[PDB]
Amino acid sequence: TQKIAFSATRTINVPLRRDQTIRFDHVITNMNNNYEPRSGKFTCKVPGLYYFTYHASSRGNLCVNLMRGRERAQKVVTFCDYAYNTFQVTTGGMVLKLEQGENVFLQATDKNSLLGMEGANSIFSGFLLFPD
């Protein structure tokens, strides 16, 4: 009976480098423990259809890659949302079919304005839709 869902926020106050995995260090929810707050990666143990989503607060240009894959990650999509001298909240989502061992995570780019703090949170969530 596969109840898998995670929600983690980023409270890490340190700039991101291009190609770096975006870690969401603070776990709100982690049923089945398939999300690793240490890395910021979800690892599939139960093959199936999942939905992933995120909302990112930002003070400038932000682009993130949604990554999938077992040992070598591959970008599925890139979401960009720009901001000039202002504050924003952006979002992206994807239903993915996952195989055992595959990880999904968010990866930074040169466009790296992302905030993680009380009152302007950045969150990464995912959950199983149908196993199989």
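Numbers follow the displayed sequence, beginning with 1.
Taking the PDB entry as given, 1-9 carries the higher mean Cα B factor of the two stretches 1-9 and 123-131. 29-37 and 76-84 differ in mean CA B-factor, and the higher of the two is recorded for 29-37. Per the PDB entry, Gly69 shows the highest C-alpha temperature factor of the residues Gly69, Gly92, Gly60, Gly48. Remark: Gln100 belongs to the highest third of its chain, ranked by C-alpha B-factor as recorded.
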